Amino acid sequence: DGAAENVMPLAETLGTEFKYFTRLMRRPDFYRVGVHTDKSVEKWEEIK
Amino acid sequence: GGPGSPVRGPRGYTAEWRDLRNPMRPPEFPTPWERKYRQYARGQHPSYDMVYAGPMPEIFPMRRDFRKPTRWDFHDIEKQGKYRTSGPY
Amino acid sequence: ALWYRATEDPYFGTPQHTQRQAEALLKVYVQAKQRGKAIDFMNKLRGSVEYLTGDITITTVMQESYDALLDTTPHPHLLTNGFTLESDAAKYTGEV
Amino acid sequence: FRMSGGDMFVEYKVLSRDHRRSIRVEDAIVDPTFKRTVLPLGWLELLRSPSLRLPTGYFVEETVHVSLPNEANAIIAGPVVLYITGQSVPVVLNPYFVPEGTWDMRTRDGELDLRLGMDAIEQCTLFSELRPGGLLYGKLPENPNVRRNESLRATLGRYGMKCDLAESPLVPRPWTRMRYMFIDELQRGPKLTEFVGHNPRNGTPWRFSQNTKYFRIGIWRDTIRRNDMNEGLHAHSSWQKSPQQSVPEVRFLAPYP
Amino acid sequence: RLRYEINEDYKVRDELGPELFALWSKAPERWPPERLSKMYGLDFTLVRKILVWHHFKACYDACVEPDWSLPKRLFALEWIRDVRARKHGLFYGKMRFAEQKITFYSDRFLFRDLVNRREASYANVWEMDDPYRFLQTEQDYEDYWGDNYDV
Amino acid sequence: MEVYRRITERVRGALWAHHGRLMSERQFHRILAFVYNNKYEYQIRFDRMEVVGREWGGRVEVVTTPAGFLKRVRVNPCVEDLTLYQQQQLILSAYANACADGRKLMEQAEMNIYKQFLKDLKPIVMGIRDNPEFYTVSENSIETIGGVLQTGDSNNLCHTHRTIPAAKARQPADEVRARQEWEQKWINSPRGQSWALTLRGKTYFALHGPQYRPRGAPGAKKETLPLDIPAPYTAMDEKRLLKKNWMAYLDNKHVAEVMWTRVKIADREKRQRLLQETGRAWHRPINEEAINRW
Amino acid sequence: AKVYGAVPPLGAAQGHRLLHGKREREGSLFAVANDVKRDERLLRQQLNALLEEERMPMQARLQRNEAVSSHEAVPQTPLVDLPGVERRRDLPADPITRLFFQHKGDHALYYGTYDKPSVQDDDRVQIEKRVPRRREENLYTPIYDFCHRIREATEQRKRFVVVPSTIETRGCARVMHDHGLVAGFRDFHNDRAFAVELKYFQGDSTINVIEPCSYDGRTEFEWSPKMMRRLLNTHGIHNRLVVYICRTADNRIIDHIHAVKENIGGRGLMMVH
Amino acid sequence: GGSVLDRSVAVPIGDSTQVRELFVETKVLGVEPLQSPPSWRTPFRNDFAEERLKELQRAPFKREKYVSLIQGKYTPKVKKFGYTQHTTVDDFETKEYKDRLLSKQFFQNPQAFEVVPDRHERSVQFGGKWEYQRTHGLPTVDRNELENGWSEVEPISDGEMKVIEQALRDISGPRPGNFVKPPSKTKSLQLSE
Amino acid sequence: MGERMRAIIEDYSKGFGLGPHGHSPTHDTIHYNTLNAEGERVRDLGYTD
Amino acid sequence: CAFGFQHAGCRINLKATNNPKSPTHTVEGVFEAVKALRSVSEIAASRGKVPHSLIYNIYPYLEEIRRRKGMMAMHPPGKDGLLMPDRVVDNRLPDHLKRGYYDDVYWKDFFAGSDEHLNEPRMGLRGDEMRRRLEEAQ
Amino acid sequence: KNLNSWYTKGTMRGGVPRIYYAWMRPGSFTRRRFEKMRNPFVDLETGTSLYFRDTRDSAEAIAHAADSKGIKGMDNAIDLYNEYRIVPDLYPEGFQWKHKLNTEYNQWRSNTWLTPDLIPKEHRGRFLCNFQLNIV
Amino acid sequence: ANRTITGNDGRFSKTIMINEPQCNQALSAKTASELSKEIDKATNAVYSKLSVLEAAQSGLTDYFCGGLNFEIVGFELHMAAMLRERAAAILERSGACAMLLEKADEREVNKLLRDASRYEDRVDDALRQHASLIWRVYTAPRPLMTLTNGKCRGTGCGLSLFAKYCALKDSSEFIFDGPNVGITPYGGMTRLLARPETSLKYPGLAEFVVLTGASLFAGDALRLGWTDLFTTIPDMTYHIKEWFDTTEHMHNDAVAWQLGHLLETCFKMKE
Amino acid sequence: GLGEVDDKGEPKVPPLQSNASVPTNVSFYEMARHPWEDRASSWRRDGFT
Ligand SMILES: [Mg+2]
Ligand SMILES: [Mg+2]
């Protein structure tokens, strides 16, 4: 809601983040493509 | 029987693999182990050692120990003379 | 001490106290002119397990010797059977 | 320990000697008609823990006759340790292990009809329940020594009783038996503990008094010239210049006066 | 000359009435030393000492005899430390400070036990603090009762 | 423990701050001890019952006492085929759900405990603020050697509240006596007659008659007037100490003072935090004349 | 009468050997003898098993339980990983403000010996090997000199010492840092040297005295387990104050207390308290 | 008694005759087991007749004045807290408890109960040297009653809470004399020294 | 005799609670009544209606 | 023995015939030695380690680590324990009000000789009590 | 085993007495400055905001997810009378009782009070003890 | 065992330094489950007044902590998928925990599948161990001060900001990102971003940082009141060590003052 | 069939229920009350006879 009460505490926030992380990491998007996205330049040099 | 004693010497699964069993699964015949013992046996029972023992207090105080007359306590300097008394007792 | 050692000893001991041991002890107390101990012991006895089981009993002989000694030795607050009147206590009491 | 139907129900824990193996019993009758407490034979093998001191699980294993319910129909085995919920002291049984044939107590579903005998009551605070006025008195086996229906004050009257507790002004009141309680840390502090001898355990707490041979010349010198300091062995004496004498149980940490 | 006393907050006079004697009288089992010891702002050895004295005063007051094994039960750890010391250095008495071992533990030495305690769980509270959890092997049961030739 | 110790120290310190009374260490710890034993009793009774958490579908069932002790685990044979890792996580998360339910119950119980505790402090607390001499000044009002200065701003914003009736004293005792007068008034009337024969009536007399408790039955056997401990009018632990030894006087005095100070500092911290959260206060001192210019 | 801990509770087929009392089989003296012996020995065997369970070290026990804990039905094959995560990492050190450069363990081919060191840390001075100028003189050990360096740098209240780097030397360092006689230490895989950091307390050192066991390398002192056990005992009280340090037949550098623990005898190095 | 355990004993209502001639309405709720009434609702195990008689024989004494036989005495005698002499509160003490207690007290020493007391000295004891194990402490209450039988707690509302902690945060506001102590309140020091 | 006297007096007369600057009178770095700054502040104001 | 040593033993100069030996030397030596002695507790603190003898003190801590599970690990929901002041309360009264204030609770003239509780200490006092005051004044 | 037998140690010196301790050294006995809070630490006040670090989050200290509410552990005083003593006591409290003057304590318990010239200033009223003198 | 986590102890102080300069301080599953052990071993120690956690960086790396290693995670997720692919392939070659009519194929299908699930279990484990480590830091019994020197990716953000003493040097930084790597942010900082406080002071900032991967720094962590403490002093760690060496008793008054004085003099900003 | 639903929706192998409820008679303050006056407080007062 945004009320000082309705915000999730730390325990539920980690669990929630986990729910989302777990569900997204399956999709080829993350593991097949985005993980290699941030590699350095000479990393990509060596791989190519 | 120690370190000076004569030495004792020495893909798939072995016959030692089978007998073994996960403690999560219920065992063979349900021998009623006391929970406390199986805690201690497995190393997870909270220690009470002699290291956690402080001073052993005097609770009920004994008695007044009254002065017991010795041979060095005499109201005359005689009887303590060198020809009689070698020491207090 | 003997009375404790009678149930304590593994080899020569009885599991519970026999009658014999009870009247023997009581007889000793009587024969020592030991008053307080005789009383307490008697009461303790009838408070025991052996007594409620029926194993140990108070007999007539124990009872009457107990009473005899009760009579013949000084009681703290009162005068007792077997207190000999002193003729000369009139010096203080005033009565002969 | 609770009451129903006129009798006692106690929870207890049976245990091997090494306390390796254990069984809880929830509601056990406490019935003092049993010379010795009876268990089912099925447990004999459950409670057997073969330690180093007892290579076989038990010290004593025998056959006996003992048909109370209802020629060797049972087994005496022990020792076995028994913790009753009420009591601080373990009670060590050597119980009758009875097979199903000799006596079978299945009596109500799930209910094994166990009870506790005088084997175990003699060793408890439960024993105090066996004396006149207690809750086990009714169920004692009939004797010349125990009268069934007499009121308590009647019986106690017959023994010693006259009045209520400490009712006569001649007998002191029970609670003045102890007035002061001595705890060093809440009052006056710890003792100053010295010794003369070999150890603290081998000697006396006492120093030697002034009447000693070697102390007299010194103590003299101290009585005469009091203000100057004086050599001697007269120091080691229980007597000295200072108002505070050395004798045992000086409380030296005291904020006195 | 006897005027003053250390520690004025607990007076010997006021421990004459024993605390909550109307409760632990009636089921002395459900009342381990902990429940009471939350009462005193003192340290451990002193407060168990005091609890012993309470039990004794109380018993003498109700005209019954006190449990003499209570000082063994509250001080149990000390009892066994002493039995075993006496066994080791051969002497009869109470082990005092000069005779303690000179071992120096690391700072985190207590960790194993600390996670064992923090994670322990108990079916009921009696199991939590019973008097005898100090004991596991038979040796322990032998040293804790050597004195009663009964037990 | 903690929440309680904070409040008790609030009470002790306030007791010496406002009037010259000291609370005996004995007393201070015995309050706490009662909170503790309360909790303990709640634990005693809480272990007689069980809580059931469940994971996937109903496939994984975990039975656990609210304290968190694990009792039984029922499992579908479907689980047996997973992996030890996933079996572990599954039972673990069931266990977590049990702990959730148990801990919900528990927290209700705790709220109950807090309430009984407050009720038990109330004769003391009220006891200090319900006196003809008790007063406070606003916290933002400057204080100088003679006395306290007026805070200038918004002459409307400052309202002095008064707890006490200014005419002749009406104490809580009088109110409880009023209550039992209306109890007897209702009872003794017709229509209070027919009500006392109802189930509502016998419920009321079940719970709130003490006078009918048979001898030896647990609980209070009379109805009690509320406790009266007027703070400035009752000497407590300072009188005994001041007679016996001055040193312990000065030390107990000291403690009460220090506790008071500590409490006040905490209240300043919470104030500060609440002030930063709403963004009226910065995160580092920007105003040093509010500190250095004294 | 509810019973917890026995579900079956009464076995019907089960009755004791003495109670059922089947008529005793008559064995020939051969039978009776063989049975008395085999069961005597299975009692011997049992007694052994119990004694081993008693004497098992805690480490062994813990290992046992989290071994059984993780155990699955099939003995699963290892999973292929990243090219490696398994290189022992290189201990962190600062390049700029430094005693010595922390040398990579990947350069292991470059390294020399204590005797013939490969060129590294050119900007620091190099410690020299200490050797006799003539015959009667003692033959020094990089233990002797290790100890006297530490001693002297403790006297001048220095915070760091550079010290000779051989095996039993950094062994001794680890032992001392265990017992908390030394603030810390590092080997940079420098060949000649490594560096120790000294600890002070209350104005003076944490080290009263530190002495080598042997003045020469030509003298080698052997410590029996009983001797090392004597050190521990101060007239009946167990005393771990002073630390004595050993080589083992196994090339480990140990204190005397672990040694006594497992009853191994070892060669003396030094003593420090 | 407010409680779950507090239900009464078995009581007579007459034959079918007087029962149809007693109850007008009857409404039933499903069967559940019998709880044996607690010890304090049980009339035969609780009977106080002897102590009631003791009260009555002393009843005329209760109607006269209180007068000190030390004349010149005014100040009241202090009775301290927790002393066993002054305890009025029985929680579980029935006739049952009082007799169990009586007997244990009597076999402790008999000479407490004699109007003229004989010499009381300790003699031996039949249980052993450790007999205290089978004797000591006070008679124990049955645990079912200890735990379950307690009155229902009158529910505390949130209103009374809100008020109490209001009063709590009223007393935590500052008093004007504490920070800088007036020179006027620091003259007031007296010691018994 | 003097030092004991001073000790008692300084202890009984010490202030506590929080002053206008938010801190105790014994606080480490921040102070109250510097060079009788409050004494003078009362001097020139005076307490009157 | 002057120090109270039971278990110490001490030797001066190997053989007792070794120079220098003076009574001065014999005293000053043992005093030197004893002055160089390090106590064990001090040694243990020196290395940053806990002495075996002192560990018992951690026991109550470690104890209620173990005993904290459930219901004693519980803190009341919503309640921190720090209750900030908000309003300003003053119950003080003019004196003629607090003269007759308590007289149905306690006795009349409750505030009589009370100087802090009254701005007028002498009110309500009957004459002779007022006289007592000036009487000890002179 | 050890055969050294703590029972039999020690040497009899004849009449010469000596002190021994039942448990700890007597200076270490009364700990009152940490008990009654007489130490500078408490007065400087500086670090007392740290009892309340939990306040640094408002919505948490209400909701009690984390069990550490306090400086050393679960809460501010779990213990407070025991734990701190695990540090070896280097600088023990000693004798604090002020009910008499130093000179009156000294006078009563020490012979040294009779010889005020033989004692240097720093030790003047400081001894509670009797001193033997031995002229070598 | 791995020389990943190294430490330096004084009398009363404890320094735990994460050493992984190669991965930019990204903690592996094992190394995190390890750090939870070192952190609370150091935190439940008897003589620790303060336990300081920081990044040991030999000048190779400026990160204080990375997140989970995304290289590892991505790798084994990819392997897991590959095995689902082969298993599916032969499941469709026979079709043209998977129970079949054919023993050979049931066999190797179930082998492949079981292994896939093992990989995924290692990922799962990594996430669990990180989250639990964060919890460890949050619930530490004795004071744990996190000296944050250099950058943090998500779960590293979590590791630094939730210690009850979190100091920021200037170099400290927070990158909560990862929709940029095609994933949702992890590390708990989400709570901090959604506190009603942050909505008050910086409305819209929460979405700014969650959507756009964008760094936050010392100043903004301070203004949001995420942490209270800040310092410009070189090598604070040494000074903390040697300050707590001169410190004396263990009574919580002494501790309170010592810690508090240290905080007031350096980490709280005055003058 | 622990979580496995049946044909018409009923549970196969009926699921386990929790008996836990907040006990309502448990206030400690009336368990240990004042030794003579019956008030439920923790307040120690020394009365007069
Ligand atoms: Mg372990
Ligand atoms: Mg010569």
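Criteria and cut-off values
- Note that residue numbers begin from 1 in each chain and follow the written sequence, not necessarily the entry's scheme, while residues that lack coordinates are absent from the view.
- Both sets of labels track the order of writing: A upward for chains, 1 upward for ligands.
- A larger assembly contains the chains displayed, and the values given here are confined to that displayed part.
- Note that the side-chain values use all heavy atoms of the structure and ignore hydrogens as well as water.
- The criterion for strand pairing is that DSSP finds at least two bridges linking the strands in question.
- For helices the rule is a DSSP run of H or I covering at least 4 residues; for strands it is a run of E covering at least 2, with both sets numbered from the N terminus onward.
- Structural elements are reduced to axes, namely lines fitted to C-alpha atoms, with helices fitted over the stretch in contact, and the angle between N-to-C directions of any two is expressed from 0 to 180 degrees.
- Here roughly perpendicular refers to angles of 65 to 115 degrees, roughly parallel to angles under 35, roughly antiparallel to angles over 145, and oblique to all remaining angles.
- For any helix crossing, the convention is left-handed if the near helix is rotated counterclockwise from the far helix by under a right angle, and right-handed if that rotation is clockwise.
- Here a residue-residue contact requires only that any non-hydrogen atoms of the pair lie within 4.5 Å.
- Put simply, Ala, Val, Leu, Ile, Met, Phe, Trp, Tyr, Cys and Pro go in the nonpolar bin, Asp, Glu, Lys and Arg in the charged bin, and everything else, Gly too, in the polar bin.
- For each residue, the accessible area found with a 1.4 Å probe, counting protein chains only, is set against the maximum for its type, and the residue is called buried under 20%, exposed over 50%, and partly exposed in between.
- Simply put, the buried area is the total loss of 1.4 Å probe accessible area from both parts when two parts are fitted together.
- Only one rule defines a salt bridge in this text: a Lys or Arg side-chain nitrogen within 4 Å of an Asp or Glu carboxyl oxygen.
- By the criterion applied in these results, polar contacts are pairs of N or O atoms within 3.5 Å in which, for protein atoms, one can donate a hydrogen and the other can accept it, and in which residues neighboring in sequence qualify only through two side-chain atoms.
- To estimate the expected span of a helix, subtract one from its residue number and multiply by 1.5 Å.
- Consider a residue and the seven residues that end there alongside the seven that start there; fitting an axis to each set, the bend is the angle between those axes.
- Among buried residues, those of type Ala, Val, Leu, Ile, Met, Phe, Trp, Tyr and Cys that are joined through side-chain atoms within 4.5 Å constitute a nonpolar core.

- The record lists cryo-EM as the method behind this PDB entry and 3.37 Å as its resolution.

**Considerations on the pairing of strand β1 (residues 5–9) of chain L**
Residues and elements named next belong to chain L.
Step number 1: Both β1 and strand β2 (residues 13–18) contribute to a ladder of 5 bridges, which runs antiparallel. Bridged to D9 within β2 is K14.
Step number 2: A loop of 3 residues connects β1 with β2, the two strands running antiparallel in sequence.

**A few points about the packing of helix α3 (residues 84–129) of chain F against helix α5 (residues 158–170) of chain H**
Step number 1: The interhelical angle for the contact between α3 of chain F and α5 of chain H, taken along N-to-C directions, is 45 degrees, at an axis separation of 9 Å. One way to sum up the angle between α3 of chain F and α5 of chain H is to call them oblique. Handedness of the crossing formed by α3 of chain F with α5 of chain H: left-handed. Side by side, α3 of chain F and α5 of chain H meet where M111, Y114, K115, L118, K119, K122, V125, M126 and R129 of chain F of the first sit next to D158, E160, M161, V163, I164, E165, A167, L168 and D170 of chain H of the second.
Step number 2: Here the residues of the contact of α3 of chain F with α5 of chain H sort into 10 nonpolar, no polar and 8 charged.

**Focus: the pairing of strand β13 (residues 266–272) of chain G**
All names here are of chain G.
Step number 1: Burial analysis of β13 places 6 of its 7 residues in the buried class, the great majority of the element.
Step number 2: As paired elements, strand β8 (residues 222–223) and β13 share 2 bridges and run antiparallel to each other. Looking across to β13, one finds that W223 is bridged to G266.
Step number 3: For strand β11 (residues 243–247) and β13, the ladder comprises 5 bridges, and the chain directions are antiparallel. Paired with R247 across the bridge in β13 is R267.

**Comments concerning the interface of chain J and chain F**
Step number 1: Residue-level contacts link 36 residues of chain J with 53 residues of chain F.
Step number 2: When chain J packs against chain F, the two sides together hide about 4,400 Å² of surface, and 60% of this comes from carbon and sulfur.
Step number 3: When the buried surface of chain J facing chain F is broken down by residue, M71, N91 and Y101 of chain J rank first, second and third, together holding 17% of it.
Step number 4: Applying the counting rule to chain J against chain F returns 2 salt bridges.
Step number 5: Close ionic contact of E133 of chain F with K98 of chain J constitutes a salt bridge, the shortest N to O distance being 2.8 Å.
Step number 6: Where chain J packs against chain F, one counts 20 residue pairs in polar contact.

**Structural notes on α3 of chain F**
Step number 1: Its 46 residues give α3 of chain F an end-to-end C-alpha distance of 63 Å, which sits within 8% of 68 Å, the value for a rise of 1.5 Å per residue.
Step number 2: A maximum bend of about 45 degrees is found in α3 of chain F at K122 of chain F, where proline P123 of chain F lies one to four positions downstream.

**Some details on the nonpolar core**
Step number 1: With 174 residues, the main nonpolar core has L20 of chain E, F117 of chain F, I58 of chain J together with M145, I240 and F267 of chain L as its most contacted residues.
Step number 2: Once you skip the residues sitting within four places of it in the chain, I58 of chain J turns out to touch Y52 of chain B, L110 of chain E, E83 and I86 of chain K together with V46 of chain L.
Step number 3: Formed by 61 residues, the second largest nonpolar core is a distinct cluster that contains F21 of chain A together with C157, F176 and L216 of chain L.

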